>>> print(open('final-v5.cif').read())   # mmCIF, C-alpha atoms; chains and numbers go by the auth columns
data_query
#
loop_
_atom_site.group_PDB
_atom_site.id
_atom_site.type_symbol
_atom_site.label_atom_id
_atom_site.label_comp_id
_atom_site.label_asym_id
_atom_site.label_seq_id
_atom_site.Cartn_x
_atom_site.Cartn_y
_atom_site.Cartn_z
_atom_site.B_iso_or_equiv
_atom_site.auth_seq_id
_atom_site.auth_asym_id
ATOM 1 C CA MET A 1 0.000 0.000 0.000 0.00 1 A
ATOM 2 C CA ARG A 2 2.589 2.547 1.163 0.00 2 A
ATOM 3 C CA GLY A 3 4.604 1.793 -1.947 0.00 3 A
ATOM 4 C CA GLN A 4 1.715 2.728 -4.163 0.00 4 A
ATOM 5 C CA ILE A 5 0.757 5.719 -1.989 0.00 5 A
ATOM 6 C CA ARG A 6 4.014 7.630 -1.972 0.00 6 A
ATOM 7 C CA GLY A 7 4.565 6.500 -5.536 0.00 7 A
ATOM 8 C CA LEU A 8 1.151 7.929 -6.342 0.00 8 A
ATOM 9 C CA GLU A 9 1.767 11.346 -4.841 0.00 9 A
ATOM 10 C CA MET A 10 5.118 11.409 -6.625 0.00 10 A
ATOM 11 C CA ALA A 11 3.263 10.550 -9.812 0.00 11 A
ATOM 12 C CA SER A 12 0.943 13.495 -9.227 0.00 12 A
ATOM 13 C CA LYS A 13 3.885 15.836 -8.761 0.00 13 A
ATOM 14 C CA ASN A 14 5.266 14.399 -11.984 0.00 14 A
ATOM 15 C CA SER A 15 1.961 15.179 -13.673 0.00 15 A
ATOM 16 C CA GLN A 16 1.894 18.809 -12.516 0.00 16 A
ATOM 17 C CA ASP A 17 5.462 19.125 -13.746 0.00 17 A
ATOM 18 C CA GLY A 18 4.314 17.879 -17.133 0.00 18 A
ATOM 19 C CA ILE A 19 1.596 20.526 -17.060 0.00 19 A
ATOM 20 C CA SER A 20 4.087 23.308 -16.478 0.00 20 A
ATOM 21 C CA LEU A 21 6.252 22.039 -19.311 0.00 21 A
ATOM 22 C CA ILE A 22 3.113 22.378 -21.415 0.00 22 A
ATOM 23 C CA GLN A 23 2.716 25.902 -20.055 0.00 23 A
ATOM 24 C CA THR A 24 6.125 26.882 -21.368 0.00 24 A
ATOM 25 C CA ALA A 25 5.555 25.320 -24.779 0.00 25 A
ATOM 26 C CA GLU A 26 2.090 26.848 -24.900 0.00 26 A
ATOM 27 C CA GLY A 27 3.447 30.309 -24.211 0.00 27 A
ATOM 28 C CA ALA A 28 6.026 29.932 -26.953 0.00 28 A
ATOM 29 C CA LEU A 29 3.270 28.884 -29.344 0.00 29 A
ATOM 30 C CA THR A 30 1.066 31.751 -28.200 0.00 30 A
ATOM 31 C CA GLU A 31 3.758 34.180 -29.194 0.00 31 A
ATOM 32 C CA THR A 32 4.365 32.299 -32.438 0.00 32 A
ATOM 33 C CA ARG A 33 0.672 32.727 -33.144 0.00 33 A
ATOM 34 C CA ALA A 34 0.935 36.469 -32.638 0.00 34 A
ATOM 35 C CA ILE A 35 3.836 36.566 -35.082 0.00 35 A
ATOM 36 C CA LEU A 36 1.926 34.591 -37.701 0.00 36 A
ATOM 37 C CA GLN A 37 -1.000 36.956 -37.254 0.00 37 A
ATOM 38 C CA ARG A 38 1.255 39.906 -38.057 0.00 38 A
ATOM 39 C CA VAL A 39 2.626 37.962 -41.014 0.00 39 A
ATOM 40 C CA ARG A 40 -0.847 37.365 -42.426 0.00 40 A
ATOM 41 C CA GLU A 41 -1.596 41.054 -42.078 0.00 41 A
ATOM 42 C CA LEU A 42 1.508 41.818 -44.090 0.00 42 A
ATOM 43 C CA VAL A 43 0.463 39.260 -46.700 0.00 43 A
ATOM 44 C CA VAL A 44 -2.948 40.865 -47.174 0.00 44 A
ATOM 45 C CA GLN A 45 -1.431 44.339 -47.327 0.00 45 A
ATOM 46 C CA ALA A 46 1.114 42.974 -49.786 0.00 46 A
ATOM 47 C CA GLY A 47 -1.817 41.644 -51.777 0.00 47 A
ATOM 48 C CA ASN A 48 -3.267 45.055 -52.441 0.00 48 A
ATOM 49 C CA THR A 49 0.194 46.566 -52.845 0.00 49 A
ATOM 50 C CA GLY A 50 0.689 44.367 -55.873 0.00 50 A
ATOM 51 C CA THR A 51 -0.831 47.521 -57.426 0.00 51 A
ATOM 52 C CA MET B 1 -11.671 34.395 -36.021 0.00 1 B
ATOM 53 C CA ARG B 2 -8.911 36.826 -35.012 0.00 2 B
ATOM 54 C CA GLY B 3 -7.083 35.943 -38.201 0.00 3 B
ATOM 55 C CA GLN B 4 -10.025 36.993 -40.294 0.00 4 B
ATOM 56 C CA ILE B 5 -10.736 40.050 -38.116 0.00 5 B
ATOM 57 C CA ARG B 6 -7.394 41.802 -38.274 0.00 6 B
ATOM 58 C CA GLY B 7 -7.065 40.608 -41.845 0.00 7 B
ATOM 59 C CA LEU B 8 -10.442 42.191 -42.511 0.00 8 B
ATOM 60 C CA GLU B 9 -9.593 45.590 -41.084 0.00 9 B
ATOM 61 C CA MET B 10 -6.330 45.472 -43.023 0.00 10 B
ATOM 62 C CA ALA B 11 -8.372 44.669 -46.109 0.00 11 B
ATOM 63 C CA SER B 12 -10.518 47.729 -45.455 0.00 12 B
ATOM 64 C CA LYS B 13 -7.449 49.930 -45.157 0.00 13 B
ATOM 65 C CA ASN B 14 -6.290 48.394 -48.421 0.00 14 B
ATOM 66 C CA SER B 15 -9.630 49.315 -49.964 0.00 15 B
ATOM 67 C CA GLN B 16 -9.469 52.957 -48.853 0.00 16 B
ATOM 68 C CA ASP B 17 -5.952 53.086 -50.251 0.00 17 B
ATOM 69 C CA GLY B 18 -7.315 51.861 -53.564 0.00 18 B
ATOM 70 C CA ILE B 19 -9.897 54.637 -53.400 0.00 19 B
ATOM 71 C CA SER B 20 -7.252 57.301 -52.970 0.00 20 B
ATOM 72 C CA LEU B 21 -5.285 55.899 -55.884 0.00 21 B
ATOM 73 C CA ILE B 22 -8.499 56.368 -57.844 0.00 22 B
ATOM 74 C CA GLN B 23 -8.664 59.920 -56.512 0.00 23 B
ATOM 75 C CA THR B 24 -5.277 60.720 -57.995 0.00 24 B
ATOM 76 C CA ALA B 25 -6.080 59.152 -61.355 0.00 25 B
ATOM 77 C CA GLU B 26 -9.469 60.843 -61.335 0.00 26 B
ATOM 78 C CA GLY B 27 -7.918 64.243 -60.754 0.00 27 B
ATOM 79 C CA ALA B 28 -5.491 63.712 -63.607 0.00 28 B
ATOM 80 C CA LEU B 29 -8.404 62.773 -65.855 0.00 29 B
ATOM 81 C CA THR B 30 -10.412 65.755 -64.647 0.00 30 B
ATOM 82 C CA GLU B 31 -7.656 68.040 -65.796 0.00 31 B
ATOM 83 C CA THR B 32 -7.293 66.097 -69.041 0.00 32 B
ATOM 84 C CA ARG B 33 -10.990 66.696 -69.580 0.00 33 B
ATOM 85 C CA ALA B 34 -10.525 70.426 -69.134 0.00 34 B
ATOM 86 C CA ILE B 35 -7.741 70.357 -71.712 0.00 35 B
ATOM 87 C CA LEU B 36 -9.864 68.449 -74.213 0.00 36 B
ATOM 88 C CA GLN B 37 -12.648 70.957 -73.662 0.00 37 B
ATOM 89 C CA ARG B 38 -10.295 73.786 -74.607 0.00 38 B
ATOM 90 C CA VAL B 39 -9.159 71.746 -77.599 0.00 39 B
ATOM 91 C CA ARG B 40 -12.719 71.303 -78.841 0.00 40 B
ATOM 92 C CA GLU B 41 -13.273 75.027 -78.506 0.00 41 B
ATOM 93 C CA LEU B 42 -10.234 75.619 -80.669 0.00 42 B
ATOM 94 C CA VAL B 43 -11.522 73.087 -83.195 0.00 43 B
ATOM 95 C CA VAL B 44 -14.869 74.849 -83.532 0.00 44 B
ATOM 96 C CA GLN B 45 -13.198 78.243 -83.800 0.00 45 B
ATOM 97 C CA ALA B 46 -10.839 76.732 -86.355 0.00 46 B
ATOM 98 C CA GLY B 47 -13.920 75.523 -88.192 0.00 47 B
ATOM 99 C CA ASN B 48 -15.235 78.993 -88.832 0.00 48 B
ATOM 100 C CA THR B 49 -11.728 80.331 -89.415 0.00 49 B
ATOM 101 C CA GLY B 50 -11.482 78.078 -92.434 0.00 50 B
ATOM 102 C CA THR B 51 -12.921 81.286 -93.955 0.00 51 B
#
>>> encode(input="final-v5.cif", output="structure tokens")
Amino acid sequence: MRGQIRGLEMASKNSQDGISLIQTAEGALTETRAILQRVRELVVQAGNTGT
Amino acid sequence: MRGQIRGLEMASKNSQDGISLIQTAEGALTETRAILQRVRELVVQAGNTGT
């Protein structure tokens, strides 16, 4: 029992840690998304400025 | 959604820009029209001054 208990709490810590890893990656991708938004704006503007 | 929103406002800016291009060309053609008016006057006057 004890084996699985302390192992289980450790596993939950491990899970939260995985979440925070995801938080970092998610923030990087958030910013990437902002960049790509700006890019698309420049593409549209480029589209009219073909003239 | 956001993609199409900011892209849409940018597209509207692009449209206004196209309008102002048309304003320039239209002014040039306005003046051209004044010239051609003067020309026609000179043609008519030339017509009687064939005599």
>>> residues_near_point(input="final-v5.cif", point="(-4.1, 48.9, -54.0)", cutoff="8 Å", atoms="all atoms listed in the file", output="MDAnalysis selection string")
(chainID A and resid 47:51) or (chainID B and resid 14:15 17:18 21)
>>> resolve_selection(input="final-v5.cif", expression="the PyMOL selection byres ((chain A and resi 44) around 12)", output="list in words")
residues 37, 38, 39, 40, 41, 42, 43, 45, 46, 47, 48, 49 and 50 of chain A; 3, 4, 5, 6, 7, 8, 9, 10, 11, 12, 13, 14 and 15 of chain B
>>> calpha_fit_and_write(input="final-v5.cif", fixed="chain B", moving="chain A", output="mmCIF file with C-alpha atoms, keeping the file's coordinate frame")
data_model
loop_
_atom_site.group_PDB
_atom_site.id
_atom_site.type_symbol
_atom_site.label_atom_id
_atom_site.label_comp_id
_atom_site.auth_asym_id
_atom_site.auth_seq_id
_atom_site.Cartn_x
_atom_site.Cartn_y
_atom_site.Cartn_z
ATOM 1 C CA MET A 1 -11.671 34.395 -36.021
ATOM 2 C CA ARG A 2 -8.912 36.826 -35.012
ATOM 3 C CA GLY A 3 -7.083 35.943 -38.202
ATOM 4 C CA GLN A 4 -10.025 36.993 -40.293
ATOM 5 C CA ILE A 5 -10.736 40.049 -38.116
ATOM 6 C CA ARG A 6 -7.394 41.801 -38.275
ATOM 7 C CA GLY A 7 -7.065 40.608 -41.845
ATOM 8 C CA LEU A 8 -10.441 42.191 -42.511
ATOM 9 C CA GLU A 9 -9.593 45.590 -41.084
ATOM 10 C CA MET A 10 -6.330 45.472 -43.022
ATOM 11 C CA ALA A 11 -8.371 44.670 -46.109
ATOM 12 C CA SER A 12 -10.518 47.730 -45.455
ATOM 13 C CA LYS A 13 -7.449 49.931 -45.156
ATOM 14 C CA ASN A 14 -6.291 48.394 -48.420
ATOM 15 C CA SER A 15 -9.630 49.315 -49.965
ATOM 16 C CA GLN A 16 -9.469 52.956 -48.853
ATOM 17 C CA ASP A 17 -5.952 53.086 -50.251
ATOM 18 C CA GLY A 18 -7.315 51.861 -53.564
ATOM 19 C CA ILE A 19 -9.897 54.637 -53.400
ATOM 20 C CA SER A 20 -7.252 57.301 -52.970
ATOM 21 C CA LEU A 21 -5.285 55.899 -55.883
ATOM 22 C CA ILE A 22 -8.499 56.367 -57.844
ATOM 23 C CA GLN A 23 -8.663 59.920 -56.513
ATOM 24 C CA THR A 24 -5.277 60.720 -57.995
ATOM 25 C CA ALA A 25 -6.080 59.151 -61.355
ATOM 26 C CA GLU A 26 -9.470 60.844 -61.335
ATOM 27 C CA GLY A 27 -7.918 64.242 -60.755
ATOM 28 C CA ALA A 28 -5.491 63.712 -63.608
ATOM 29 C CA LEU A 29 -8.403 62.773 -65.855
ATOM 30 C CA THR A 30 -10.412 65.755 -64.647
ATOM 31 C CA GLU A 31 -7.656 68.040 -65.796
ATOM 32 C CA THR A 32 -7.293 66.098 -69.040
ATOM 33 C CA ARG A 33 -10.990 66.696 -69.580
ATOM 34 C CA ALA A 34 -10.525 70.426 -69.135
ATOM 35 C CA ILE A 35 -7.740 70.357 -71.712
ATOM 36 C CA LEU A 36 -9.863 68.449 -74.214
ATOM 37 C CA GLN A 37 -12.649 70.957 -73.662
ATOM 38 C CA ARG A 38 -10.295 73.786 -74.607
ATOM 39 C CA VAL A 39 -9.159 71.746 -77.599
ATOM 40 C CA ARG A 40 -12.719 71.303 -78.841
ATOM 41 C CA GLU A 41 -13.274 75.027 -78.506
ATOM 42 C CA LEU A 42 -10.234 75.619 -80.669
ATOM 43 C CA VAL A 43 -11.521 73.086 -83.195
ATOM 44 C CA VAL A 44 -14.870 74.849 -83.531
ATOM 45 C CA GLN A 45 -13.198 78.244 -83.799
ATOM 46 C CA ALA A 46 -10.839 76.732 -86.356
ATOM 47 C CA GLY A 47 -13.920 75.524 -88.191
ATOM 48 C CA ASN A 48 -15.235 78.993 -88.832
ATOM 49 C CA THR A 49 -11.729 80.331 -89.415
ATOM 50 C CA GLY A 50 -11.482 78.078 -92.434
ATOM 51 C CA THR A 51 -12.920 81.285 -93.955
#
>>> atom_distance(input="final-v5.cif", atom1="CA of residue 2 in chain B", atom2="CA of residue 36 in chain A")
11.4 Å
>>> atom_distance(input="final-v5.cif", atom1="CA of residue 35 in chain A", atom2="CA of residue 19 in chain A")
24.2 Å
>>> atom_distance(input="final-v5.cif", atom1="CA of residue 29 in chain A", atom2="CA of residue 1 in chain B")
17.3 Å
